[PDB]
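Here's the structure, in structure tokens; my notes come after.
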Ligand SMILES: CCCCCCCCO[C@@H]1O[C@H](CO)[C@@H](O)[C@H](O)[C@H]1O
């Protein structure tokens, strides 16, 4: 058991092993720290008030379980988790240590005009990671430029798994449960923006957002209208005149036609037909990066705990168990 020291930053006290030095406020709260053990810079996150409620405590537990499970070059992972508490009874603080990422994809599309090769590399990395996330049975559900860390070498990690601008339309319809392809929709929106320097669907609210989407992909085939239980949703789609399905070729003139085709296959209104991460990784557009022997899948992931109402002390105790059972990587 390590040596802890204490420190006031911004407004909050931090008690962390001595192994971590020069804590510097970045973003729970996030300090950047020097891992004296590895020489590497890392991020130390102090969860806010981890066991403030049933909702907070289950989330804390969920966040710990997720991060413990994620072992892939393109998905945020856990370097360490600790707590100053020395018993279950003391336990009120949780810290997570991860690679210091320092820039997001927003800081990348916003202050540049990326080339085609750059978009192949970034998107390929999203999809490689997403394949691993999906093969665990996890849907991420909030993929957007700000949940993607991109280091100075253009290496990418997916952050925060399990803005309306990237949300699959079926989510905006509420829709009684949906599938992994809700993520492929997001990816298609991210790609479009990488290529164009423009937000694809900068909807003003959830209604507008549907309009903007329809402008591009066209009003649903009767075979898709057939699947919408909601009459008011039905009505609104059939209202606002039947819209002209655009040619992606014109919306994306100048883009590599391979990029354009792939977009067409991602931004399909019917999540059934939307291309999957596994598939998209084999699309020609990625021919320079693809390698089926280096696109691993995840060990299956236990999320049965999502289907239960437990007490705070129960979520707390399970979280305590996970901290203590953490085994670090190489
Ligand atoms: C703007 C109008 C929105 C177009 C309809 C969204 C199509 C989403 O697709 C639908 O998603 C559902 C949720 O998984 C599935 O149950 C259906 O099989 C699938 O076709």
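Cβ placement follows ideal geometry from the backbone for every residue including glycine, while neighbour counts extend to all protein chains displayed. The values are calculated or read from the model by the stated rules, or taken from the named source; nothing here is a laboratory result.
With the condition kept exactly as written, say whether any residue in the stretch 182-195 is within 11 Å of the ligand (Cβ to nearest atom), buried (at least 17 other Cβ atoms within 10 Å of the Cβ) and either over 19 Å from the mean Cα position of the chain (by Cα) or not assigned by CATH to the domain that holds residue 70 (or both).
Yes.
Looking only at the stretch 144-173, how many residues end up being more than 16 Å from the ligand (Cβ to nearest atom) and not in a loop (DSSP other than H, G, I, E, B)?
Total meeting the criteria: 9.
Hey, among 255, 259, 278, which residue is closer than 24 Å to residue 212 by Cα and assigned to a helix (DSSP H, G or I)?
One residue alone meets the criteria, 259.
May I ask you to say which residue of 285, 289 is away from the ligand (no atom under 16 Å from the Cβ), in a loop (DSSP other than H, G, I, E, B), in contact with a helix residue (DSSP H, G or I) (Cβ under 6 Å, 6 or more places away or on another chain) and outside the structural domain of residue 50 (by CATH)?
Result: 289 is the single residue among 285, 289 that is away from the ligand (no atom under 16 Å from the Cβ), in a loop (DSSP other than H, G, I, E, B), in contact with a helix residue (DSSP H, G or I) (Cβ under 6 Å, 6 or more places away or on another chain) and outside the structural domain of residue 50 (by CATH).
Testing residue 108 on (1) surrounded by fewer than 22 Cβ atoms within 10 Å (Cβ to Cβ); (2) outside the structural domain of residue 293 (by CATH); (3) more than 13 Å from the chain's Cα centre (by Cα), one condition comes back false. Which one is that?
Failing condition for residue 108: (2).
Quick one: residue 81 ticks every box in (1) within 25 Å of residue 1 (Cβ to Cβ); (2) in a loop (DSSP other than H, G, I, E, B) except a single one, so which number is it?
Only one criterion in (1) within 25 Å of residue 1 (Cβ to Cβ); (2) in a loop (DSSP other than H, G, I, E, B) is unmet by residue 81, namely (2).
Given the criterion in contact with a helix residue (DSSP H, G or I) (Cβ under 9 Å, 6 or more places away or on another chain), in the same structural domain as residue 147 (by CATH) and within 11 Å of the ligand (Cβ to nearest atom), identify the matching residue among 275, 213.
Only one candidate passes the filter, namely 213.
Restricting attention to the stretch 33-55, report how many residues are surrounded by 19 or more Cβ atoms within 10 Å (Cβ to Cβ) and more than 14 Å from residue 17 (Cα to Cα).
Residues in the stretch 33-55 being surrounded by 19 or more Cβ atoms within 10 Å (Cβ to Cβ) and more than 14 Å from residue 17 (Cα to Cα): 3 in total.
Given the criteria within 16 Å of the ligand (Cβ to nearest atom) and under 27 Å from residue 28 (Cα atoms), does residue 141 qualify?
So residue 141 fits the description; yes.
Any residue at all in the stretch 17-32 that is outside any loop (DSSP other than H, G, I, E, B) and under 15 Å from residue 322 (Cα atoms)?
no
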